[PDB]
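Values below: all heavy atoms of this structure, side chains included; hydrogens, waters and symmetry mates excluded. By convention in this document, chain letters (A, B, ...) are assigned in the order of the sequence lines, proteins followed by strands, and residues within each chain are numbered from 1.
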Amino acid sequence: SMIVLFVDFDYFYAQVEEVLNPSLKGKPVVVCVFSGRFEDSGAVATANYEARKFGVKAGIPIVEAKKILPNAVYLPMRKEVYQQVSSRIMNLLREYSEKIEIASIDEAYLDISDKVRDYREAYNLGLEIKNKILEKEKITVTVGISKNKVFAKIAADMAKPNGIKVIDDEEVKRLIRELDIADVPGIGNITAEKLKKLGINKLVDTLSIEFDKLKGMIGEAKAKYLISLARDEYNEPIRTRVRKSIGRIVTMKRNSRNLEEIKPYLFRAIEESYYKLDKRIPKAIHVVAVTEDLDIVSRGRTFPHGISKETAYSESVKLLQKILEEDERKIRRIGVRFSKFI
DNA sequence: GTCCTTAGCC
DNA sequence: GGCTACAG
Ligand SMILES: [Ca+2]
């Protein structure tokens, strides 16, 4: 009882550039966010399987990427192109079950309990999903099928890319015992290391250790949740994610601490955040500053009414002003985030 | 329900 | 780098 079907687009951004650009078949492809500063200032957002065999990965500096593969194909992120392709697949997804939780620009969880009898009909539903998506958008996905959200995700990780994998109630048990902890959704590097010292290498170890000695560390929320996976008791429903804050953040030319030159960046993040809102009026604004050393500093302000675009303008300067005088360091990035919509 | 600094994700 | 939620 309770069948969750999970869908993750493989090397999404790079795959979309491949479908668009037949001249990139075969070779390696590295989609980057270019800073606008120096030559190859920036970071990597994704790489195809061919790029990833060589270490080139999401998050490393572009400069480093080019140390490894000086001649992969390097491409600027075109966020709104993957956004179009993404919403088109999300809609195809939406036809198979009303109960859909969109989790990022490239993964979605389907609850299929009323639409199939057991896993055998699911895995088939899985194949239909895949093929229909590849037909209409020429994009390969991976399908994960399990008893809850988290093991749906894990199942897709084991069969990525282009593929499909079921994890029945039994295999849940093996993975509770013998699967590596960092491979648990919502657990990457920093929290592996938070436990890598601690003696915990698999989910089970968490039951073999005191509760507060975990609570205190990675934090109560994270401790509870993992313990729930250990006990095989996770049962979080599939609900429509609602976007809580929409924002923009842009890197400046020559990072500085003069308000009059910082000002025009600040205002562009505002236009584009309004752009985004889309008929949504927030009550809250935060001015976000990234410093010369890269130590994020944020000041906001909540209003009992919604914030007009113009009030967003003047109000931002006041919050910018506050930062300029409580943190001492120069400013490299500047932005705004809007939240608590009407 | 409010000011703020903290990790997993493409 | 840019995004967004999450942690008390
Ligand atoms: Ca994903």
Side-chain angles (χ1 to χ4, degrees), chain A residues 8-17 29-38 40-48 51-52 57-65 75-83 85-86 101-107 150 153 157 160 182-195 215-225 241-252 255 265 268-269 272-273 276 283-291 294-304 319 322-323 326-327 332-340:
Chain A
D8 184 93
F9 319 151
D10 305 298
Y11 57 105
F12 186 38
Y13 295 1
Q15 208 183 336
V16 180
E17 306 281 359
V29 176
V30 170
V31 179
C32 309
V33 191
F34 295 108
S35 169
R37 207 160 256 214
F38 35 102
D40 310 12
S41 42
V44 171
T46 162
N48 59 6
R52 285 182 203 186
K57 71 194 200 185
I60 71 166
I62 305 174
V63 193
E64 268 313 339
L75 298 175
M77 211 194 223
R78 300 199 278 188
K79 183 58 153 300
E80 275 243 43
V81 167
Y82 334 127
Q83 189 61 64
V85 162
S86 179
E101 159 164 14
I102 300 168
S104 68
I105 195 150
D106 82 336
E107 10 176 307
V150 165
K153 223 283 174 61
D157 290 332
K160 70 162 58 134
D183 297 16
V184 167
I187 305 269
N189 274 289
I190 294 172
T191 292
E193 198 94 73
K194 274 283 278 147
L195 288 168
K215 184 162 107 158
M217 304 312 279
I218 49 185
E220 192 177 76
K222 243 159 257 194
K224 292 261 300 163
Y225 152 93
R241 277 191 208 188
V242 215
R243 188 130 296 320
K244 267 107 200 87
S245 70
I246 303 163
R248 171 81 171 146
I249 230 281
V250 321
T251 298
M252 290 179 280
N255 58 176
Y265 302 108
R268 215 94 346 179
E272 208 104 315
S273 291
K276 256 182 243 184
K283 314 185 317 298
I285 172 194
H286 303 262
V287 172
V288 182
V290 193
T291 58
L294 296 186
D295 180 36
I296 317 180
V297 195
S298 183
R299 296 273 184 264
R301 161 151 194 208
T302 306
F303 291 87
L319 300 159
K322 216 163 302 174
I323 269 150
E326 273 145 49
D327 204 310
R332 172 183 204 160
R333 275 135 91 191
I334 198 58
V336 39
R337 181 151 261 94
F338 288 103
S339 77
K340 311 148 201 46

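At the heavy-atom level, A/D295 lies nowhere under 4.0 Å from the strands shown. Residue contacts for A/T191: at a heavy-atom cut-off of 4.0 Å it reaches the sugar-phosphate backbone alone, with no base atom in range. Residue A/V297 is in sugar-phosphate contact alone, with no base atom involved, counting any heavy-atom pair closer than 4.0 Å across all strands shown. Residue contacts for A/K276: at a heavy-atom cut-off of 4.0 Å it reaches the sugar-phosphate backbone alone, with no base atom in range. A/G247 comes within 4.0 angstrom of sugar-phosphate atoms only, judged by non-hydrogen atoms across all strands, and of no base. Note on A/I62: nothing from the nucleic acid sits closer than 4.0 angstrom, heavy atoms only. Using a 4.0 Å heavy-atom criterion, one finds that A/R241 contacts no nucleic acid atom at all. Note on A/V184: nothing from the nucleic acid sits closer than 4.0 angstrom, heavy atoms only. Residue A/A221 is in sugar-phosphate contact alone, with no base atom involved, counting any heavy-atom pair closer than 4.0 Å across all strands shown. In this structure, A/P185 reaches the sugar-phosphate backbone alone: every heavy-atom distance under 4.0 Å involves primed, P, OP1 or OP2 atoms, never a base.
Taking side-chain N and O atoms only, A/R248 has a distance below 4.0 Å to OP1 or OP2 of C/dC3. The side chain of A/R337 places an N or O atom within less than 4.0 Å of a non-bridging phosphate oxygen (OP1 or OP2) of C/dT4. Side-chain N/O atoms of A/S298 include none lying less than 4.0 angstrom from OP1 or OP2 on B/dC3. Phosphate contact (OP1/OP2 of B/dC4, side-chain N/O of A/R299, threshold under 4.0 Å): present. A/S104 has no side-chain polar atom (N or O) that falls below the 4.0 Å cut-off from OP1 or OP2 of C/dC3.
Atoms NZ (A/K215) and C1' (C/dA7) sit 13 Å apart, rounded to a whole Å. The CD-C1' distance, from A/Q83 to B/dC10, rounds to 12 Å in whole Å. Computed from coordinates, the A/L294 CG to B/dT6 P distance equals 14 Å when rounded to whole Å. Taking atom NZ of residue A/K160 and atom P of nucleotide B/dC9, one finds them 10 Å apart after rounding to whole Å. At whole-Å resolution of the value, NZ in A/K340 and P in B/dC3 are 8 Å apart. Rounded to whole angstrom, the span from the CD1 atom of A/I105 across to the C1' atom of C/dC3 amounts to 10 Å. When rounded to the nearest whole Å, the span between CZ of A/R78 and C1' of B/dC10 equals 16 Å. Taking atom CG on A/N189 and atom P on B/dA7, their separation rounds to 12 Å, with Å as the unit.
For A/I190, the listed nucleotide lying nearest its side chain is B/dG8; candidates were B/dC10, B/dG8, C/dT4. Distances were taken from every side-chain heavy atom of A/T251 (C-beta onward) to each of C/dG1, B/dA7, B/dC10; the shortest belongs to C/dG1. Closest to the A/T302 side chain, of the nucleotides C/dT4, B/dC3, B/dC10, is B/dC3.
Side chains of A/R78 and A/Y13 form no contact here, defined as non-hydrogen atoms less than 4.5 Å apart.
Applying the 6.0 Å contact sphere to NZ of A/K283 captures more than 12 heavy atoms from other residues, nucleotides or ligands. Residue-environment remark: CG (A/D295) exceeds the threshold of 12 foreign heavy atoms within 6.0 Å.
Partner A/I296 forms a side-chain contact (heavy atoms from CB on, under 4.5 Å) with one of A/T291, A/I249, A/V288 and no other, that one being A/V288.
Summary of the strand contacts: A/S245 and A/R333 both lie near DNA chain C, and taking for each the nucleotide with the nearest heavy atom, the more 5' one is attributed to A/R333. In terms of position on DNA chain C, the residue among A/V250 and A/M217 whose nearest nucleotide sits closer to the 5' end is A/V250.
Contacts from A/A58 map to the major groove: a side-chain heavy atom sits under 5.0 Å from a major-groove N or O of a paired base.
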Q: Step by step, work out the side-chain contact (heavy atoms from CB on, under 4.5 Å) result for A/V31 and A/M77.
A: CA-CA 6 Å; A/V31 179; A/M77 211 194 223; 4.1 Å; yes
**Q.** A/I334 and A/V287: CA distance, side-chain angles, deciding distance, side-chain contact (heavy atoms from CB on, under 4.5 Å) verdict
**A.** CA-CA 8 Å; A/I334 198 58; A/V287 172; 4.1 Å; yes
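A/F34 pairs by the ring-ring contact (aromatic ring centres under 6.0 Å, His included) definition with nothing, not counting sequence neighbours.
Checking B/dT2 for Watson-Crick or G-U wobble geometry (two distances, each under 3.5 Å) identifies no partner in any strand.
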